[PDB]
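**Student:** dropping in the first section of the assembly, placed as in the complex:
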Amino acid sequence: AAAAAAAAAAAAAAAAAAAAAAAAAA
């Protein structure tokens, strides 16, 4: 005679980043 009580959740996945690396052009 018990119940179910559907529990919640939390999600996470981060992001990246890029770098440009200029070239001195000579």
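**Tutor:** Nice, thanks for sending it over. Residues are numbered from 1 along each chain as shown, chains lettered A, B, ... in the order given.
**Student:** residue A:5 - how many residues pack around it?
**Tutor:** Residues contacting residue A:5 under the criterion other C-beta atoms under 10 Å number 5. All C-beta spots, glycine's among them, are computed from the backbone N, C-alpha and C.
**Student:** what's near enough to touch it?
**Tutor:** By C-beta atoms under 8 Å, 6 or more residues apart in numbering, the contact set of residue A:5 is empty.
**Student:** can you classify it by secondary structure?
**Tutor:** coil (DSSP: H, G, I helix; E, B strand; the rest coil).
**Student:** that one and residue A:14, how far apart?
**Tutor:** Distance, residue A:5 to residue A:14, by C-beta to C-beta, to the nearest Å: 31 Å.
**Student:** now do residue A:26
**Tutor:** 38 Å.
**Student:** now swap in residue A:8 and tell me
**Tutor:** Taken as C-beta to C-beta, the span from residue A:8 to residue A:14 is 21 Å.
**Student:** kindly report the same for residue A:22.
**Tutor:** Residue A:22 is 27 Å from residue A:14, by C-beta to C-beta.
**Student:** go on, residue A:6?
**Tutor:** Residue A:6 sits 28 Å away from residue A:14, taking C-beta to C-beta as the criterion.
**Student:** chain B should join the structure above:
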Amino acid sequence: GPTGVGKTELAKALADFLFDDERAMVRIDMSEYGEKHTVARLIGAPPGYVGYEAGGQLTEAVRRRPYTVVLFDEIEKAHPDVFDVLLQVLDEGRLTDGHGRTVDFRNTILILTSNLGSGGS
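**Tutor:** Chain B added:
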């Protein structure tokens, strides 16, 4: 002195003595440095540029194996701009690169052969 006397062979023999090897020393060239901008092989680029995390050639060659013998074959061919760096390699024994790490040449051997004269006393 003259040519063909065996300056480089004296340096290789010296490296053969106190290593029992012959290739563990660090030979670089001074014939590939005829222009101004190729100084940065032995330093590394400043932060913001293409090859940065790789570091310098001559700098990384000493952070491991800090007992090498260092050669400078025919240091005349470099036009007088490479000389400003080994003006301060000597007599202080330090050199820095892009990361700000400080290598230390405090027990290396600097041997820099030349080619001038050749006919005079």
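**Student:** the neighbour count of residue A:5 with chain B there, same question as before?
**Tutor:** As a burial measure, residue A:5 scores 5 neighbours (other C-beta atoms under 10 Å in any protein chain shown).
**Student:** got the phi and psi for residue B:51?
**Tutor:** phi -100, psi 100 (degrees, to the nearest 10).
**Student:** need the contact list for the nearest residue to it once chain neighbours are set aside.
**Tutor:** Of all residues not flanking residue B:51 in the chain, residue B:45 sits nearest, at 5.4 Å (C-beta to C-beta, 6 or more residues apart in numbering or on different chains). By C-beta atoms under 8 Å, 6 or more residues apart in numbering or on different chains, residue B:45 lies in contact with B:51, B:52, B:98.
**Student:** quick check: the last one touching residue B:52?
**Tutor:** In other words, residue B:98. Yes: using C-beta atoms under 8 Å, residue B:98 is in contact with residue B:52, at 5.9 Å.
**Student:** which neighbours do those two have in common?
**Tutor:** Overlap of the contact sets of residue B:98 and residue B:52 (by C-beta under 8 Å, 6+ apart) consists of B:44, B:45, B:46.
**Student:** return the member of those nearest to residue B:86.
**Tutor:** Of all the shared contacts of residue B:98 and residue B:52, residue B:86 sits closest to residue B:44, with 16.5 Å by C-beta to C-beta.
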